[PDB]
Undergrad: 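The structure follows.
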2 protein chains.
Amino acid sequence: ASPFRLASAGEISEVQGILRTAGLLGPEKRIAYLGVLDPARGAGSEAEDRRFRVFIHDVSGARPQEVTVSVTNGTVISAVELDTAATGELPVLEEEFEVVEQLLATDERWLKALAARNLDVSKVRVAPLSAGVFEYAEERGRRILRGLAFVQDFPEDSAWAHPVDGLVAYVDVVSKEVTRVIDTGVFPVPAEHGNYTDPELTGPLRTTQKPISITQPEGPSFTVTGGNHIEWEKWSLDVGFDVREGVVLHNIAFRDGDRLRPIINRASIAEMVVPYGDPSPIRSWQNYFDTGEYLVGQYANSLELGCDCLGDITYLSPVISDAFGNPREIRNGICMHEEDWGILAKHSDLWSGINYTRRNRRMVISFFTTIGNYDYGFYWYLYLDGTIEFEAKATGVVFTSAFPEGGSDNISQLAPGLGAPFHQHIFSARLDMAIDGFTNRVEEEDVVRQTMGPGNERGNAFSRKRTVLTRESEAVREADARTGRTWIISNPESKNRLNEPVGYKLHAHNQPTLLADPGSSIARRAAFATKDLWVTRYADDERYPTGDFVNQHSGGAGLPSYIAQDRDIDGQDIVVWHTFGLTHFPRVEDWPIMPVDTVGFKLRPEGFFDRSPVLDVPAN
Amino acid sequence: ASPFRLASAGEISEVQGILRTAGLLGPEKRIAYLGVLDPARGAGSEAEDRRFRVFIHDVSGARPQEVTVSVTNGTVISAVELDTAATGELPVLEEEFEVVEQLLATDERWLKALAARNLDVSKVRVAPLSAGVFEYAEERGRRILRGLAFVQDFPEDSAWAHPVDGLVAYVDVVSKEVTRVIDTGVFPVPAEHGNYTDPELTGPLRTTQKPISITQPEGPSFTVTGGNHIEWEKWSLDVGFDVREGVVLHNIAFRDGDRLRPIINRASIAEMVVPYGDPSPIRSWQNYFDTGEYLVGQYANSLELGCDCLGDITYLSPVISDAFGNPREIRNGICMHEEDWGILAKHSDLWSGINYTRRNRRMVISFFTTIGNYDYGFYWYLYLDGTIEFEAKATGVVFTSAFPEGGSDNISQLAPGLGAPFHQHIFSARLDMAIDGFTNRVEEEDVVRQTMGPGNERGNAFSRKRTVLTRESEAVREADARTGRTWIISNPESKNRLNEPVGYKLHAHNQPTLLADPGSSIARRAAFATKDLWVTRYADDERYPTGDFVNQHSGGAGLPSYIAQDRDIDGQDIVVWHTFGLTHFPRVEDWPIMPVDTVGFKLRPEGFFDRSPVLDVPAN
Ligand SMILES: [Cu+2]
Ligand SMILES: [Cu+2]
Ligand code: NA
Ligand code: NA
């Protein structure tokens, strides 16, 4: 059995049984996170030990625990009681989504605010929102959620159309108390609906779209073995799934002749945060760590054939744990298919008379998740020519507010009285590199402009310079789009046939990084988001750029603390963390449901191969 | 008949007849460029006048002419004798491609250089390369080409594998004289072949690719009427074709309810240049204006069904003129099809219970051209949601040199002894804007970071600032990727239902612009390439950023001279010129034939619509 196989239902049940037998999973306990751990370096031969890590919440007020179990051996490896005021609260539990609204519905201050606005409490939905860390001392060590109100005129109404501005509440979800209700003033509740399946708003549906049929009459060119091992057009990898990160790729390698050459040991989106830029106190605290606080894998959609995934689709249905340790399958949660990708290479040569055209293809591994109003697709692509790409597709319904009478520098108007606060969606890709194996380094490569003069008399020359990042203290880097800045991951001990180090070049989109003031809470809690590229020395406990417990965790842990170790990264087992985000000034076209917009990055081979790796692609 | 229809064979013949009857097209004359002119502003009602512009070369040494004819009326509108030392030489003629090699084959200096290197003259191919303007006074007013030598070991060999470095020659293609032969020293001629259809180099061809079938059982959702008028998913446009620019898009508009709203009046790639960054005198003069010097439309490939264009394809076969004024069809030179484009919009709403998914599509209009060693695909995309995108796909065989013994700061190694000089491929997109009609302006929009303090106590706020470009003197702009800089084209007299000006936002890729020293010849001749964005007032004679006659034209004309008029662009008929390029440090994977790499830009509606324009898209 591959140590990188997906968790099975039975493994989850065994975790549940081990915890129960150990006294760690009584009736007051709730699992907030559960996932398999990756194999240790050098374990491959042989003795598998499948370990699972668990964060256990306690609804009676006792301290939560972090536990690692061996499902192979039926044992508890470690169990530690957590002090959440110090190391952070556990991820938000799905069962807490409804608690915020329920507690507020009987609170006299909340009821007073709603009555002043002539809103029926039974129609008022409350978004259960992560709290962060601000000035409220009573929240330290307590599990808090904040609530913003949205009116549903009827049960199938889009409540996002009807934000209740001027009002926010804070709730202790363990003691089941409402800590604060803040009402700064009434705002009109926007009147128009945003019901994008209502014929009155859509108009007559188009009849002009003729069908498109994508089929594979001999089936797909990729095979799946061992549950999640992919072989496709010389690529080899394993598709993992973690309730926090979502789809994870392991052991990305390329068969070059008859050697299996590693490229990336683990690829994931290790954090994704949505900071808001509206200074109103109703929302200025708002920063949604979709990955670290809510767990994006947990909310993966079941993807329907034809509608969500077009073509010849192979599905994985990953297993996660519910809050009690029972396995739950996410049916059709991962889509895998191969797609045509236009022209790969083409040349019509006058002198030889030979005309040559070849087509490209990509392997696609994706999932789609829903976090409140947001919906995101996470796509990994592998191309015939060795390129690796990630793309996020952001859609859903924009988070709304009132639109202030005199306008706003921090909010867009979408409809009469309806606003959408400015925000960013910022991702961290954690790429545990293995370029031709684990001995790797990173160089920053800039274009170099040259002055007209001796040695360059016509002023045409230009060049490039590479700077080796030798230690972690030197490996916090920013974009420089103007100088074409990229980062090359190479293996200094593996040379191609031209005696040059094999490598892969990371091409970033160079979008803005975190805009918040450097002194803000979010700049400290999401320090990773302030820089485009970080390199660390591999360490099995350094998994997320924000640390293990992001919820209400005050700042510092994660990448800035890892980097302080100032470890050697010059020909060592290293990890690249790439920050990339979308800055979203909402547009009217984003309302009532937003068209997809994208952000991502790609890596291309750079002297990894001895010549083009796609010379053996056939015509047709 | 639409005044924007493609030229017909008969129209070309009529130009030929008008010129002949006027005394302008005798036996010594050769047509270097011929194309229809666009209709004048306000002509639409009615009286069509189809005019064609012609550049006429004279092989006997007489001065060339620029002529405009009316094929409607059978008349010569204007005919002007050109002074090429002042205003530039005419575009390279296809018949001159072979002349450089032929003249050199009997030149004793060339023969001496080849004999020193033991090369058989019959095997030596000579790339016919544009000359530019450097220190050689005798070239002023003469039609010069420069030649670089490549060995073909046999007739179906790839000569690019065997550059002859240290050697360059200059030729007067009218007087049929060799002006200079420069031999700076022998370099080994690289020995390996680059024959990408040789089984010895490809290895056994893959058998792993299973078929992909893309079909449309009811045909495509777009119609073509009037030869080149497209209607597709609310878009309306006309597809033009010009021998210089290639595919051109006219009258891009969107049917919003029952109004046809204009967006872009004319879209084209109005220049594309390839500057080289190797300071060796063998190549330091090298700058290939594929569009302005060679005419990319002229060399458009015939695109084969299945191999070049996959799916349900509708072809246009544009007509151009040969050197004598006879019409010539480029069979299957333009591909049109619609393609699935993944998820358009999706949201799974907990509170309403409604799960909603819709798919996107794009209309694709493309051609592929071959310029010596280079092959480029030009793609225009129209999406359901109003987005417009351009993409260039660069492939072919890299231009080679020797790889110097001690290495090189300006050349990559590809194979033993084989180099590829650093270079850029830099495009200019000329977008004659018509956002809701012709009264337009441009704003530069930057993200604005805000300081923590009063009014922003938590340091989370961020904003945006828009700067109106009021006159052409203010409208030469550079990228600022770090501040998320974009440019919005709006109609200040057309408001959406929220009382905000309708607009489209240009999203650039923010790649490096021209790297050459500002004092270089190429910085002067390709001044457009030094800045990302220019805005001019529309003028029917301001067609190319480099001017009308680029070949051996010394500098200044084009955009820097247009801009000096300092015309009002604040709510006027304006033209956006976007510079965007690929900076190419060749990689071993680019050899022997290069995988496609891409560059481009896109424009998205920004308050153009009153809400999402794709609410009427049906499921499935
Ligand atoms: Cu957003
Ligand atoms: Cu190139
Ligand atoms: Na590593
Ligand atoms: Na215009």
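Reminder, nothing fancy here: chain letters follow the sequence lines and each chain counts from 1. Note: hydrogens, waters and symmetry copies are ignored here, and every other heavy atom, side chains too, is used. In listed order, ligands and their atoms are each counted from 1.
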Undergrad: Rounded to the nearest 10°, what angle sits at the Cu ion (ligand 2) between NE2 of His423(B) and NE2 of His425(B)?
TA: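 NE2 of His423(B) and NE2 of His425(B) make an angle of 90° at the Cu ion (ligand 2), to the nearest 10°.
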Undergrad: Of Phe528(B), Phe378(B), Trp577(B), which meets ring pair (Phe, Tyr, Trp, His ring centres under 6.0 Å) against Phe427(B)?
TA: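 Of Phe528(B), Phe378(B), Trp577(B), ring pair (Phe, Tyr, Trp, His ring centres under 6.0 Å) with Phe427(B) is met by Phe378(B) alone.
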Undergrad: Out of the N/O/S atoms in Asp432(B), what is the name of the one closest to the Na ion (ligand 4)?
TA: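 Sorting the N, O and S atoms of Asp432(B) by distance to the Na ion (ligand 4) puts OD1 first.
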Undergrad: Is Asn265(B) close enough that one of its N/O/S atoms sits under 3.0 Å from the Na ion (ligand 4)?
TA: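 Of the N, O and S atoms in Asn265(B), none lies under 3.0 Å from the Na ion (ligand 4), which means no.
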Undergrad: Can you see whether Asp290(A) engages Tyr376(A) through a side-chain donor-acceptor pair at a distance of less than 3.5 angstrom?
TA: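 Yes, because at least one side-chain N or O of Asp290(A) sits under 3.5 Å from a partner of the opposite role on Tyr376(A).
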Undergrad: Does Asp573(B) pair with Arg41(B) as a salt bridge, N-O distance under 4.0 Å?
TA: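 A salt bridge links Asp573(B) with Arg41(B).
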Undergrad: What salt bridge (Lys or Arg N to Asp or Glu O under 4.0 Å) pairs are there with at least one residue in residues 577-589 of chain B, not counting sequence neighbours?
TA: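 Sorted pair list: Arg587(B)-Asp590(B).
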Undergrad: Could you tell me whether any N, O or S atom belonging to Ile574(B) is less than 3.0 Å from the Na ion (ligand 4)?
TA: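 Short answer: yes, at least one N, O or S atom is under the cut-off.
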Undergrad: Considering just N/O/S atoms, say which atom of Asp573(B) is closest to the Na ion (ligand 4).
TA: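 Relative to the Na ion (ligand 4), the closest nitrogen, oxygen or sulfur of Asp573(B) carries the name OD1.
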Undergrad: Check the side chains of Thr370(A) and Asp375(A) for a donor-acceptor pair under 3.5 angstrom, ignoring hydrogens and angles.
TA: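 Yes, because at least one side-chain N or O of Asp375(A) sits under 3.5 Å from a partner of the opposite role on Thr370(A).
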Undergrad: Name of the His584(B) N, O or S atom nearest the Cu ion (ligand 2)?
TA: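 So the atom name we want here is ND1.
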